[PDB]
């Protein structure tokens, strides 16, 4: 009999498995597929980097820290990955060239780490290998037919007639989660307000958008678009270009390409093949057309229905429904992996405690469920707001700076807790992250929640016909222009600054600006000396 059985041998399960095996527990990993296999969730974001570093230090699994840097990924995982220096956004209208004044770029600050485009095939193989090396058992090509809970544990039954017995079950697979299937955990219909379906593949021969747009030098981004994740924005949808070969001497010539479409505005086209639908959208936008002219798909296309789903419950006695087994929003802003990490960080230390006390009372896991649902609700709001804003660039502009400034602030929040735990050797400083009033919000501060609430009511009113996009953009731009907290040295409070470029000098200015700031949270999270900022470079 096992301590824990984990369903799903992707990153979510194998990171969790790696922790529990590293601490001496008997782990079984179950998955219906075999490695290597393709998987989605390619961009990594700053919060992902800092929370990977966090769980790596907190739980003593060095392999996890290797995903937190582009250079460590290339040196320890495989050479097959891309770099992610920035998020790039570009607006397109049907038949028209892209307007160079309707772009956004967020260059990721160096302090949070160097981000990457994960070739998930190789990261997930890496983590699976690490899990087995720590002691996990694994059954691949294993189809779960039945889950049974009693007061002594859980029994998982597979199609081949074998049986796995454990004290706890974690389902970390995905949409086809057998635990959600058994227990009817999926909410029908979903409570989620975001609607989007998908068509995606990997391609070879995709060009850089930098080489196919005619942009005046003064509107060209500080760093190349192709050096990060390109988001081609259009009405109620967006396209991603995620290269794995955007750096010198890259070995992987592939590029992840996909399109998200609001199915209420873009109903299904069963008369077309998935590829034909994809190209029908590409042909609407001539710059995208030029960028993808010689590109060829190397996989069987995936076309989905509405991809959003959510669950009514996440924990039970002797079980936990984790990350993508519980819910999904959109690939936009790459929240999923970050969410997975935050959950593992919160679940692991709890599960271990339960296991060594044979006390599986659901109350001890109540926070995990709260976190899960909060993660999903806030993520929903972030993406839905964005999709609404895609109709009108000046409204999107406010969405953009509100999201990205919080990226920086929350990243420094977690990083500060991490460094200070590394200096005092006291885990309290990491556990204080769980005392936030807004579980799931990336920036759990009152002024940010107010700003985000206001953004959300305006965007939902625009979606409902009660307010025009122009009016909401006017109101939000006023709020942004009269705000005092939006890292002005980086330009977040300037609506005419579209390319946020956090250079070293600006970060220094942020620290000085934060030192004598009236808000206590700004002072706590960003006030440094120039020495401290220069030291961590």
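Positions refer to the first chain, counted from 1.
Trainee: Mean C-alpha B factor from the entry: is it higher for 320-328 or for 422-430?
Mentor: Going by the record's values, the stretch with the higher mean is 422-430.
Trainee: So, looking at the entry's B-factor column for Cα atoms, which has the higher mean, 154-162 or 398-406?
Mentor: 154-162 has the higher mean C-alpha B-factor.
Trainee: Would you mind checking which of 237, 248, 267, 228 has the top Cα temperature factor in the PDB entry?
Mentor: In this record, 267 carries the highest C-alpha B-factor of the candidates.
Trainee: Highest Cα temperature factor in the entry, among the options 196, 353, 295, 255: which one is it?
Mentor: The C-alpha B-factor peaks, among 196, 353, 295, 255, at 353.
Trainee: Of the three thirds of its chain by CA temperature factor, lowest, middle or highest, which one includes residue 492?
Mentor: Middle third of the chain for residue 492's C-alpha B-factor.
Trainee: What third of the chain, by the recorded C-alpha B-factor, contains residue 470?
Mentor: Ranked within chain, residue 470 CA B lands in the middle tercile.
Trainee: Lowest, middle or highest third: which one holds residue 24 when the chain's residues are ordered by CA B-factor from the entry?
Mentor: Middle third of the chain for residue 24's C-alpha B-factor.
Trainee: Lowest, middle or highest third: which one holds residue 53 when the chain's residues are ordered by CA B-factor from the entry?
Mentor: Ranked within chain, residue 53 CA B lands in the middle tercile.
Trainee: Once the chain's modelled residues are ordered by C-alpha B factor and cut into thirds, is residue 63 in the lowest, middle or highest one?
Mentor: Its C-alpha B-factor belongs to the middle third of this chain's values.
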